[PDB]
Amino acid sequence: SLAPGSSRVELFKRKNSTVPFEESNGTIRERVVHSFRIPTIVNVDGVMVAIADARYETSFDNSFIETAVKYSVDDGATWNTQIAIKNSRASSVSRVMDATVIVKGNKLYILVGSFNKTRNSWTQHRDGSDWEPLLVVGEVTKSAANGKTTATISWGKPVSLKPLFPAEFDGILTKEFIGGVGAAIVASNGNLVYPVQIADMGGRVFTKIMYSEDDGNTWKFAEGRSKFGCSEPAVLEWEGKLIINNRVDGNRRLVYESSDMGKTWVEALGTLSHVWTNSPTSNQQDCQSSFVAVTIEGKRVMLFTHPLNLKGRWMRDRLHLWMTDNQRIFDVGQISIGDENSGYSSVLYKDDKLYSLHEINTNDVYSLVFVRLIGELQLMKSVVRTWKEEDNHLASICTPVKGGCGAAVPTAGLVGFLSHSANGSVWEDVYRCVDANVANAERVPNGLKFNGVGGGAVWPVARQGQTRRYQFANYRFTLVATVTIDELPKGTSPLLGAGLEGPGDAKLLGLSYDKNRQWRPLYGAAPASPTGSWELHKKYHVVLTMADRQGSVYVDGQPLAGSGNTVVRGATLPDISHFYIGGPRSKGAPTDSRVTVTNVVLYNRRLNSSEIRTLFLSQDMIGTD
């Protein structure tokens, strides 16, 4: 739960917080609001701006709603309250909802869906006639009298973008669109970039980019899109690419990349796609997430929020915050309290302080809490320092060909590292994200010596459970280790590799050794024929690479026979259960591989010839012992 040091308040209080509702005649009355939903909090020029649905009468989507704002110039000491956007007043369920926000300069751009009288769900409408996509510009103005700083925000007249909306995309006939919800972006080229969600006539849902090159005068829909079934997209920019992180009801969350401003989308199979999901079993309603790029401790990272939803459906208990540098993925922790139902969420890093505005739900009455994430930021900084330190350390090792070293120890795409630190049953990731689980082992410099049944370590992949941070390995990986065989096996015994989920004891790619002192590389389901020669007690360098559905095993820098073969046949992504180190098993054959393994490194890409050599030549230099 919310860390020690951290605190929150109910900033938008259900059945309590009033908003200045304007009547038809133009008189203002403070009007109490049943539920506050769909939060975004942003910084505009030193001013915090918090945007929400004011669901006046009920929490239900197709009800009477207007866009509320609270803003502060003293970082949440005090707030002023507004309705930024009024609904049409056509009926008892007229609504403006699902605010998607862009900050450029002292301006906010708010995109909402406006509906007049439908009582059913937007994806289910018969046509788009009840609907309008509305753009509203706010301008923030500051000024100080008598020391004290004040601000005002003036909201312009909404503009419908309906006329900009094509009737068709690649033959698909369009119905409606809304923003993806939450904080969107100004790209590095100044483009206003909205991720949008689109419903076709059929009610299918897919996502796209809608962008403006001209501070919002005109708008273009880029050519690429998601698979059907993606909603409420969140976008950030990272190393010259848009990254679009999608809601997927009833399956795992799809993440795409585009480096041509949305024209071409490529699924992020090698980093973030299918890592996050809706529930432990992946078959539940999903939920909106915030997805924001920030710079912490001099390092650019992405921040991502989503409930675990252990309760299922819409309950959305146990809101977590993850932080990723697109290689490692760290769970900062649960930011909601206890088993409370949370929901939609927003996150903001401002003046070196970290905040969330998110939903809490009891009996489907919703407030929005404003959270000072004090302990979380402290942990985040520690983790970032660890990442920069070990990367700087590794990259600063002089490798054998001394200004006149070999190529640097590869660090780009280094996800994880198991070295000196270990206790009883845990082998610690140096990068502090995913540890290995250990049995029948004894500590040695930079690793472990296994003896007894199931002696070995399990570095979980699918076995991470819900959030699958090593999902990338199903698409590509390099696994590296330094090994000694300590005792001859009776026949054939395992050493290193990737196991597959499911019946049998199938492996994607692996290495075993046998009684005749030969190696037995395993390329998918192919027979694990012997090759080469080793001797007991001698240190070998082992590298496994898999990319483009092909695998290669290297010993002391050199590929073993069969290397380059196809390890996965078919278009279906492998499902790797774990990496095994030694012969771990909690069942089956009582494997007892007598090996010692140290310095196990995992990369989210197939390393090149020179990188492999460099690792082999630097074996002795990279340990944390």
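A residue's number is simply how far along the shown sequence it sits, counting from 1.
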task: Mind giving me a quick count class for deposited residues absent from the model between residue 401 and residue 402? Options are none, 1 to 3, 4 to 9, 10 or more.
output: 4 to 9
task: Could you settle it for me: does 76-84 or 342-350 have the higher average Cα B factor in the PDB entry?
output: 76-84
- line: Of 419-427 vs 317-325, the stretch with the larger average CA B-factor in the entry is 419-427
- prompt: Which of these has the highest Cα B-factor in the record: 62, 577, 593, 596?
  reply: 62
query: For the listed 160, 382, 466, 271, which has the peak Cα B-factor recorded in the PDB entry?
result: 160
- prompt: C-alpha B factor of residue 603, ranked within the chain: lowest, middle or highest third?
  reply: lowest
- request: Consider only the C-alpha atoms of the modelled residues in this chain, order them by B-factor as the entry records it, and name the third containing residue 155: lowest, middle or highest.
  value: highest
query: Once the chain's modelled residues are ordered by C-alpha B factor and cut into thirds, is residue 297 in the lowest, middle or highest one?
result: highest
- prompt: Within this chain, which third does the Cα B-factor at residue 408 fall in: lowest, middle or highest?
  reply: highest
- prompt: residue 444's Cα B-factor: lowest, middle or highest third of the chain?
  reply: middle
